[PDB]
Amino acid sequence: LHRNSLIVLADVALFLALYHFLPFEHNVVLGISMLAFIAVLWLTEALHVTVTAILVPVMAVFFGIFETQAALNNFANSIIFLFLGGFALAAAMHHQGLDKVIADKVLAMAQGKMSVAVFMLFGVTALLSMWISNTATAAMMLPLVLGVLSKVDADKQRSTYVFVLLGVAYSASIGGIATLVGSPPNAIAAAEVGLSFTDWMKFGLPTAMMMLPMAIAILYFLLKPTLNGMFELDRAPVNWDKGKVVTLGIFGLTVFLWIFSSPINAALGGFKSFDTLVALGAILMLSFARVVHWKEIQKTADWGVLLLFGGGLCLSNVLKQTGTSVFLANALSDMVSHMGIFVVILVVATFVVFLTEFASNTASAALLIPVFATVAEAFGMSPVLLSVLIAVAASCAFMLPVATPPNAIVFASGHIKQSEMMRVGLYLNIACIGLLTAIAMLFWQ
């Protein structure tokens, strides 16, 4: 009766169809049928991301691909727990109020200029999206954006005030491309190809360093009239209280180990998922120091995303076990040989940066990383590059809303116009496809 209710039934039919008509070895048919089924569900999202993810293992088990416990073990992957540390790390400095004090101590640095205001709102958003989330950083930033945009409230000066709204929403997504925690897509890559925190930072951090300015400039060089305006510093001051230094200290300590995991771990015996152990040690320190209770983490934590990780890891394992990964690498063998690696990384980047416009960032990476990664292995190529690429290009949702939550968040402000974003993003999208392929090429040898 509902829209989504139909996709699910249409998708069940599409699966039943592909299943009974594809003319290949059953193992490959099964993998192809499953892949199409999930690919639709995750891209239309007729069912919640996590429900689809939970559907992966239950399918693999009934179709004899794996035994129940084998499939489920994907959900205990060490990266899933490193991402859980990121949440508890967030939950702490929010329940501590350390995220609000971070905004204030910065916005006061702008003595009163709207010029040095919106430009600080962008920087704060991207910085906070490195650790918290992207959807969460938007919701927590939007009021702070509408607050500053109330002295110069004249909305007939819209362009000063859609530049700020669209500015933060983009800063949230570009900030998430900075660290392994920040956006689910980044974790899906690390869990698929086994990346370290500092490994993904070698790639992501410089890219985010670059992409954030390139994105604001594009917004500036339309109708920016922000060189005018004044502030309305109405609010209670902040001050470092009980173990906000401790929390801030713990946090810094944790990020320190994450960055330096390589030598510290080697000089300790070479533990397995060292970054994961650090993330779990953070969860412990924060609780011994009493600075954050568990109910906080259970709320802050996105357990659906964690369940999702298991489904993508399970999906990747289904593609291999069924041989579908090699079956597809064959059908592309000629087509990809006609193409260089430049053409390859450029075609991929383009495909996702626009595919991610119609679906969630993570729901896109959840589907694309398993396929392209396992196929890249059939070609005997290291899936790091393609994976890292897809993870970054997935976070490049700038056109219409519905691409990322941060879009629909600043869009529900009833102030920015559909058409406006649809064309500012069409320019940014192209700028990224350029920047990405550039960086991707250099990140070759």
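Note that residue numbering follows the sequence shown and begins at 1.
(request) Taking only the other compared entries that model residues on either side of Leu233, decide whether it is unmodelled in at least a third of them. (result) Affirmative; at least a third of those entries omit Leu233.
(request) Output the stretch having the higher mean C-alpha B factor in the entry; the candidates are 369-377 and 229-237. (result) Comparing 369-377 with 229-237, the higher average CA B-factor belongs to 229-237.
(request) Going by the average Cα B-factor in the PDB entry, point out whether 260-268 or 352-360 comes out higher. (result) Mean CA B-factor is higher for 260-268.
(message) Out of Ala189, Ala172, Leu222, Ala301, whose C-alpha atom has the biggest B factor in the entry?
(response) Highest C-alpha B-factor among the listed residues goes to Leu222.
(message) So if I compare the CA B-factors in the entry for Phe309, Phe342, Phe327, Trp131, which one is the largest?
(response) Across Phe309, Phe342, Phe327, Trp131, the entry lists the biggest C-alpha B-factor for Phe342.
(request) Consider only the C-alpha atoms of the modelled residues in this chain, order them by B-factor as the entry records it, and name the third containing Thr276: lowest, middle or highest. (result) According to the entry, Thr276 has a C-alpha B-factor in the chain's lowest third.
(request) Check where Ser382 lands among this chain's C-alpha B-factors and tell me if it's the lowest, middle or highest third. (result) CA B-factor rank for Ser382: middle third.
(request) Going by the recorded CA B-factors, say which third of the chain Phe251 sits in, lowest, middle or highest. (result) For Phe251, the deposited C-alpha B-factor lands in the middle third.
(message) What third of the chain does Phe87 rank in for C-alpha temperature factor, lowest, middle or highest?
(response) For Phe87, the deposited C-alpha B-factor lands in the middle third.
(message) Which third, lowest, middle or highest, does the C-alpha temperature factor of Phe163 belong to within its own chain?
(response) It belongs to the middle third of the chain when residues are ordered by C-alpha B-factor.
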